[PDB]
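Student: PDB entry and its sequence, pasted below:
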There are 2 protein chains.
Amino acid sequence: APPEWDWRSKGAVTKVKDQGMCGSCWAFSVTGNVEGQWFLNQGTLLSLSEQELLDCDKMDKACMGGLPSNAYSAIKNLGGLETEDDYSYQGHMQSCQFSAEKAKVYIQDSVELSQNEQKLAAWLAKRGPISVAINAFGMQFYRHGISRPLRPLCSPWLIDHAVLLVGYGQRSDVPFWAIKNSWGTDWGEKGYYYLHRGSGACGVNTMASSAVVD
Amino acid sequence: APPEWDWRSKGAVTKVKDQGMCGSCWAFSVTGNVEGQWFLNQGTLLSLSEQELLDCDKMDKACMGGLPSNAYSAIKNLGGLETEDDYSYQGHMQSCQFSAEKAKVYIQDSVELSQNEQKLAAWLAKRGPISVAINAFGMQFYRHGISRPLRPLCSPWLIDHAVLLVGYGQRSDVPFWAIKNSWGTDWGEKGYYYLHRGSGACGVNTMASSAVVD
Ligand SMILES: CCC[C@@H](/C=C/S(=O)(=O)c1ccccc1)NC(=O)[C@H](Cc1ccccc1)NC(=O)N1CCC(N2CCOCC2)CC1
Ligand SMILES: CCC[C@@H](/C=C/S(=O)(=O)c1ccccc1)NC(=O)[C@H](Cc1ccccc1)NC(=O)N1CCC(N2CCOCC2)CC1
């Protein structure tokens, strides 16, 4: 695997979005991963609908939380995912407005990735952005820099956020993961969270996954 | 046994893989079975190395064919199976790169199952995906739907392929076996072959087996 890699300059990542006051992080983690997979496997980067997951996925609970695993399944079962433009984000659940004929992206499966961060970096560089669940301890008071919270304070037992691994590298010889958040661009480093890489920081390596598009 | 059952929605099946131009079907049939056994008995689904079998299993012949029975014996003798991440698939034989400390999965033995399809269904629903040898005639032209070639075209005595039973059920009162193939996802129904169940179709029930984990 390469020493460093980031998908933003390669066209596999959409701009940073904002979930607002809705606890829909899980939906953004999933669309971000699916957007990357569709670009790399079908050739076009599209901004996909988180709202479809909020309204047409009852296994998950919209603003009250969800799991990428259930999201991938819902998208497959529904028959596709619409774009942000055809099904805009409202920040709250509503009756399902999914239209099989409006869907432009399809999922056929999903995979759970390795818990080894070296292997995760290799997968990322070769197959695209990875959906990950993390403990958000080191994010609220976050501004910039490579975050490395006191280990016990960011354990995998309290994972409570879902985001996206977009790249990795080293800043002054300190390994990092470039993580796309969903709280707008005015947060952190242009909407991104940089986390220490190689220490199982905030359980970032424990629940990595990706959809398998058609 | 349940009227229907499929391990895909239950987390015991990895993504559909692709042999490439290599007669390594036997290796995929075996890793698929072991992946299911380790998930059910140890709790985690890991994508395992078919390459290990191509390079380290000397009773079999890598891209020119193999027997599930030989493969189970090799895995046991080697001391386990490494993951796809640690020992990636190349589609051709190489020198053995197996390393004891890299082994993440191990088996204690293997069993040959009954040819009775009702018993096989019951065993599948209770113990997991089953490795099966099959006459691949019906798969050569397969597009979709429940395959049921004429007897003389799919003789149960002309076995040439090895796949994995992942589920069973019925489509319009027609009983079927859901079979995971290893020719990529563009083949068949998203990489899967659906075969008539209850008629010993293509000898699918004649060489059923499974690794024993625990
Ligand atoms: C209120 C839900 C917020 C939302 C997004 C985080 S957020 O809104 O940006 C945020 C972060 C930090 C402080 C406040 C708000 N969180 C989630 O969707 C998280 C994401 C997640 C967590 C763990 C593993 C994988 C994914 N999931 C959820 O919160 N879920 C609700 C509980 C559910 N549990 C299932 C088992 O039985 C108990 C309930 C799982 C999904
Ligand atoms: C060139 C080998 C291809 C490979 C995988 C099939 S394949 O690549 O998907 C494909 C599909 C359709 C047409 C051609 C090729 N096949 C095998 O490994 C097959 C799988 C198999 C066959 C028979 C019983 C059990 C398992 N094995 C073999 O081809 N082997 C050679 C013959 C040997 N004898 C068979 C008869 O009894 C004594 C031993 C068994 C192993």
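Tutor: All right, it came through fine. Residues are numbered from 1 along each chain as shown, chains lettered A, B, ... in the order given. Ligands and ions are numbered 1, 2, ... in the order given.

Student: so residue A:213 makes contact with residue A:35?
Tutor: No. Using Cβ atoms under 8 Å, residue A:213 makes no contact with residue A:35, being 10.0 Å away. In short, each C-beta sits where N, CA and C put it, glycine included.

Student: for these two, work out which one has more neighbours and name it.
Tutor: Neighbour count, other Cβ atoms under 10 Å in any protein chain shown: between residue A:213 and residue A:35, residue A:35 has more, with 25 against 22.

Student: next up, identify which helix or strand that one is on.
Tutor: helix A:25-42 (DSSP states H and E).

Student: is that helix positioned near ligand 1?
Tutor: Yes. Judged by Cβ under 6 Å from any ligand atom, helix A:25-42 and ligand 1 are in contact via A:25, A:26.

Student: ranges for the helices of chain A?
Tutor: A:25-42, A:50-56, A:68-78, A:117-127 (DSSP state H).

Student: between the longest one and helix A:117-127, how many degrees?
Tutor: This means helix A:25-42. 50 degrees (axes from the mean of the first three to the mean of the last three Cα atoms, to 10 degrees).

Student: buried ones in helix A:25-42?
Tutor: With burial defined by 16 or more other Cβ atoms under 10 Å in any protein chain shown, the residues of helix A:25-42 counted as buried are A:25-40.

Student: return the set of residues that bridge with the residue lying closest to residue A:144 once chain neighbours are set aside.
Tutor: In this structure, residue A:144 finds its nearest non-sequential neighbour in residue A:189, 5.1 Å apart by Cβ to Cβ, 6 or more residues apart in numbering or on different chains. In this entry, residue A:189 is beta-bridged to residue A:192, by DSSP bridges.

Student: can you check the distance spanned by stretch A:170-178, start to finish?
Tutor: Counting by Cα to Cα, to the nearest Å, you get 10 Å between the two ends of stretch A:170-178.

Student: nearest residue to residue A:158 in space, ignoring adjacent ones along the chain?
Tutor: Per Cβ to Cβ, 6+ apart, closest to residue A:158 is residue A:135, 5.0 Å.

Student: what about the strands in chain A?
Tutor: Ranges of strands in chain A, per DSSP state E, are A:5-6, A:107-112, A:130-134, A:146-147, A:161-171, A:174-180, A:192-196, A:209-213.

Student: out of the ones you listed, which one sits most buried?
Tutor: Ranked by mean neighbour count, those are led by strand A:130-134 with a mean of 27 (mean count of other Cβ atoms under 10 Å in any protein chain shown).

Student: other SSEs contacting that one?
Tutor: For strand A:130-134, the contact count by 3 or more Cβ pairs under 8 Å, 6 or more residues apart in numbering or on different chains; DSSP states H and E identifies helix A:25-42, helix A:117-127, strand A:161-171, strand A:209-213 as packing neighbours.

Student: want to throw the ones you listed into JSON lines with distance to residue A:50?
Tutor: Shown next, in JSON lines, are the helices and strands packed on strand A:130-134 (distance: least, Cβ to Cβ, whole Å):
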{"stretch": "helix A:25-42", "distance to residue A:50": "4"}
{"stretch": "helix A:117-127", "distance to residue A:50": "22"}
{"stretch": "strand A:161-171", "distance to residue A:50": "11"}
{"stretch": "strand A:209-213", "distance to residue A:50": "14"}
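
Student: quick one on the thing from earlier: can you lay out the helices of chain A as CSV showing distance to chain B?
Tutor: Listed next are the helices of chain A as CSV, based on distance: least, Cβ to the nearest Cβ, whole Å:
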stretch, distance to chain B
helix A:25-42, 10
helix A:50-56, 18
helix A:68-78, 7
helix A:117-127, 4
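
Student: out of those, flag the one nearest residue A:184.
Tutor: helix A:25-42 (11.2 Å; Cβ to Cβ).

Student: circling back to that earlier point, how about the helices of chain A, which one is nearest residue B:199?
Tutor: Comparing these under Cβ to Cβ, the one sitting nearest is helix A:68-78, at 30.5 Å.

Student: list the contacts for residue A:124?
Tutor: The contact partners of residue A:124, by Cβ atoms under 8 Å, 6 or more residues apart in numbering or on different chains, come to A:5, A:7, A:130, A:165, A:167, A:168.

Student: for residue A:129, see how far away the last one is.
Tutor: This means residue A:168. Distance of residue A:168 to residue A:129, computed by Cβ to Cβ, to the nearest Å: 11 Å.

Student: try the fourth one
Tutor: Using Cβ to Cβ, one obtains 6 Å as the distance from residue A:165 to residue A:129.

Student: just the second one next, same as before
Tutor: Plainly put, residue A:7 is 6 Å away from residue A:129 if you go by Cβ to Cβ.

Student: which one's more surrounded, the two?
Tutor: residue A:129 (28 against 21).

Student: quick check: closest non-adjacent residue to the more buried one.
Tutor: residue A:36 (3.8 Å).

Student: also residue A:53?
Tutor: residue A:27 (4.1 Å).

Student: list the residues that contact the one you found.
Tutor: Going by Cβ under 8 Å, 6+ apart, the list of residues near residue A:27 reads A:19, A:50, A:53, A:54, A:60, A:62, A:66, A:71.

Student: who's in contact with the spatially most central residue of chain A?
Tutor: Centroid-nearest residue in chain A: residue A:29, 2.6 Å away (criterion: Cα atoms, centre = their mean). When contacts are counted by Cβ under 8 Å, 6+ apart, residue A:29 is found next to A:68, A:131, A:132, A:133, A:162, A:163, A:164, A:182.

Student: isn't the residue nearest to residue A:158 up against residue A:152?
Tutor: No. Under the criterion of Cβ under 8 Å, residue A:135 makes no contact with residue A:152, lying 10.6 Å away.

Student: the residue of chain A found nearest ligand 1: how many residues sit nearby?
Tutor: Nearest residue of chain A to ligand 1, counting by Cβ to the nearest ligand atom: residue A:65, 2.5 Å away. Neighbourhood size, residue A:65 [other Cβ under 10 Å]: 14.

Student: cool, the one 5 residues further on as well?
Tutor: Residue A:70 is surrounded by 17 other residues when neighbours are defined as other Cβ under 10 Å.

Student: picking up where we left off before, export the helices and strands packed on strand A:130-134 as a markdown table, with columns for distance to ligand 2.
Tutor: Shown next, in a markdown table, are those (distance: least, Cβ to the nearest ligand atom, whole Å):
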| stretch | distance to ligand 2 |
| --- | --- |
| helix A:25-42 | 24 |
| helix A:117-127 | 25 |
| strand A:161-171 | 35 |
| strand A:209-213 | 21 |
